Amino acid sequence: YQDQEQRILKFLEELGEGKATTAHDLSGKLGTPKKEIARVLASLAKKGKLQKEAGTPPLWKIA
């Protein structure tokens, strides 16, 4: 998608392609609100391409 996607994509690849990340890192770099990152995360996962590790390890996942 527009820059919106180009950003999130470059974010994960900026730390490590094929890995996971945390909100503190997302809202920190992207400078976006936790409400936004949390929305797109659940919205993208709708297709099954996104993932969110909701357990012991506080962080999301990749699909």
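We place every Cβ from the backbone using ideal geometry, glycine too, and count neighbours over all the protein chains shown. Every number here is computed from the coordinates shown, using simple stated rules; none is lab data.
Scanning the chain for GluC sites (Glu not before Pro) lying in DSSP loops with no more than 14 further Cβ atoms inside 10 Å, the longest uninterrupted stretch between such sites is 18-52. Translational diffusion of the chain, estimated by Stokes-Einstein from the Kirkwood radius over alpha carbon pairs at 25 °C in a medium of 0.890 mPa s, is 207 µm² per second. For residue 46, the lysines whose Cα falls under 16 Å of its own Cα, not counting residues fewer than eight places away in the same chain, are 61.
Only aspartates and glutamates eight or more places from residue 49 in sequence, or on another chain, were considered; those with a Cα closer than 17 Å are 5, 13, 17. The trypsin sites (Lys or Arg not before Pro) found in the chain that occupy coil by DSSP, while having at most 10 further C-beta atoms within 10 Å, are 49.
Structural descriptor for the chain: relative contact order 29 percent, calculated from alpha carbon pairs under 8 angstrom and at least 6 residues apart.
With K and R counted +1 and D and E -1, the other residues having a Cβ less than 14 Å from that of residue 27 yield a net charge of +3. Annotation: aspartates and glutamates with alpha-carbon distance below 14 angstrom to residue 10 (same-chain offsets under eight excluded): 25.
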